[PDB]
Structures are given as C-alpha cells and as structure tokens.
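**Student:** Please see the structure below; I have some questions.
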Amino acid sequence: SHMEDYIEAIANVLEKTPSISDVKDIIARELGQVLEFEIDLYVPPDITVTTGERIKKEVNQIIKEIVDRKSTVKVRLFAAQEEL
C-alpha cells in the first residue's frame, strides 16, 4: 500500500518532467526489502542514444529520491505515438 503512494508521487514527477512525453506504464513489486520498479516512458521519436541514456539516469534519480528504501529501477523508452 505504501507502494501505491510511491507510484503516485513518481507519476506526478514524471508527468512534469519535460524530457518525457508521457508515462506509458509504472510497475512496482517487492523483492524482500527491495522495491523493484519497471518504468516505461514515451519520448520523442528522434532522441539520440546519449539523450536516452541521460533520461534513464534522470528517472533513476527521481525514484531514488522519492523512495526511502532500497530499490532497483528498470527504464524502457518508447517512441511517442504520432498523429497519422
């Protein structure tokens, strides 16, 4: 349940993080005392590899700051969906 509190705050931040177009999905589970996060994000289709690595680092910083306990963070980046 404190798990849902963390997810909500994480989503609130990510929504306001300009390098991220949208949150695709946030999953969390407990592995003993470790919280495991899987974060899927939409980003601009033209990002470079370096920018993508820099966004994963920002996401990781956000989680580490919000969650007091030990965590693992896996981030996946997807091209934002463009209008047809």
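Chains: A, B, ... in order of the structure tokens. Residues: from 1 per chain. Ligands: from 1, in order shown.
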What's around residue 60 (chain A) at 10 Å? Count only C-alpha atoms, leave out sequence neighbours fewer than 6 positions away in its own chain, and write the answer as number ranges by chain.
**Tutor:** A: 37, 39, 54, 71-75
**Student:** Using only C-alpha atoms, find each residue of region 34-71 of chain A with at least one atom at most 9 Å away from an atom of region 22-27 of chain A; report its shortest atom-to-atom pair and that distance in Å (one decimal), sort the rows by chain and rising residue number, and return the result as a Markdown table.
**Tutor:**
| residue | atom | partner | partner_atom | distance |
| --- | --- | --- | --- | --- |
| A:36 | CA | A:27 | CA | 8.1 |
| A:37 | CA | A:27 | CA | 5.7 |
| A:38 | CA | A:27 | CA | 5.0 |
| A:39 | CA | A:26 | CA | 4.7 |
| A:40 | CA | A:25 | CA | 4.9 |
| A:41 | CA | A:23 | CA | 4.7 |
| A:42 | CA | A:22 | CA | 5.1 |
| A:43 | CA | A:22 | CA | 7.0 |
**Student:** Taking the chain letters and numbering used in this document, name the residues of chain A that DSSP puts in strand (DSSP E or B), as a list in words.
**Tutor:**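 Residues meeting the strand (DSSP E or B) criterion: residues 22, 23, 24, 25, 26, 27, 28, 29, 30, 31, 34, 35, 36, 37, 38, 39, 40, 41, 42, 43, 71, 72, 73, 74, 75, 76, 77, 78 and 79 of chain A.
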**Student:** For those residues, write C-alpha atoms to a file as a PDB file, in the first residue's frame.
**Tutor:**
ATOM      1  CA  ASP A  22       4.259  10.652 -21.344  1.00  0.00           C
ATOM      2  CA  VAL A  23       4.274   7.752 -18.908  1.00  0.00           C
ATOM      3  CA  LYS A  24       3.445   4.503 -20.633  1.00  0.00           C
ATOM      4  CA  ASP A  25       3.477   2.304 -17.532  1.00  0.00           C
ATOM      5  CA  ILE A  26       4.808   2.072 -13.987  1.00  0.00           C
ATOM      6  CA  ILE A  27       5.089  -1.276 -12.260  1.00  0.00           C
ATOM      7  CA  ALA A  28       6.432  -1.994  -8.759  1.00  0.00           C
ATOM      8  CA  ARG A  29       6.960  -5.136  -6.775  1.00  0.00           C
ATOM      9  CA  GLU A  30       8.574  -6.185  -3.561  1.00  0.00           C
ATOM     10  CA  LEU A  31      11.501  -8.499  -3.516  1.00  0.00           C
ATOM     11  CA  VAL A  34      13.876  -4.240  -2.138  1.00  0.00           C
ATOM     12  CA  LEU A  35      11.355  -2.410  -4.217  1.00  0.00           C
ATOM     13  CA  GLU A  36      11.672  -3.199  -7.927  1.00  0.00           C
ATOM     14  CA  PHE A  37      10.388  -0.593 -10.363  1.00  0.00           C
ATOM     15  CA  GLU A  38       9.772  -1.039 -14.099  1.00  0.00           C
ATOM     16  CA  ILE A  39       9.165   2.243 -15.764  1.00  0.00           C
ATOM     17  CA  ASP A  40       8.053   2.575 -19.399  1.00  0.00           C
ATOM     18  CA  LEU A  41       8.092   6.039 -20.995  1.00  0.00           C
ATOM     19  CA  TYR A  42       7.260   7.715 -24.246  1.00  0.00           C
ATOM     20  CA  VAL A  43       9.863  10.071 -25.556  1.00  0.00           C
ATOM     21  CA  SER A  71      15.258  -0.005  -4.949  1.00  0.00           C
ATOM     22  CA  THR A  72      16.050  -1.343  -8.337  1.00  0.00           C
ATOM     23  CA  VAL A  73      14.882   0.595 -11.400  1.00  0.00           C
ATOM     24  CA  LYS A  74      14.489  -0.691 -14.908  1.00  0.00           C
ATOM     25  CA  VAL A  75      13.564   2.025 -17.509  1.00  0.00           C
ATOM     26  CA  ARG A  76      12.380   1.384 -21.057  1.00  0.00           C
ATOM     27  CA  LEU A  77      11.978   4.189 -23.646  1.00  0.00           C
ATOM     28  CA  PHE A  78       9.425   4.053 -26.483  1.00  0.00           C
ATOM     29  CA  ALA A  79       8.827   6.491 -29.358  1.00  0.00           C
TER      30      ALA A  79
END
**Student:** Taking the DSSP assignment computed from this structure's backbone, write out as JSON, numbers by chain all residues of chain A that belong to alpha helix (DSSP H).
**Tutor:** {"A": [2, 3, 4, 5, 6, 7, 8, 9, 10, 11, 12, 13, 14, 15, 49, 50, 51, 52, 53, 54, 55, 56, 57, 58, 59, 60, 61, 62, 63, 64, 65, 66]}
**Student:** With only C-alpha atoms as the counted atoms, please give the residues lying no more than 8 Å from region 66-68 of chain A, apart from itself and same-chain residues fewer than 3 positions off, as a VMD selection string.
**Tutor:** chain A and resid 6 9 to 10 62 to 63 71
**Student:** Compare A:44, A:19, A:2, A:8 by their minimum atom-to-atom distance to residue 59 (chain A), counting only C-alpha atoms, and give me the closest one.
**Tutor:**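 Counting only C-alpha atoms, the residue closest to residue 59 (chain A) is A:19.
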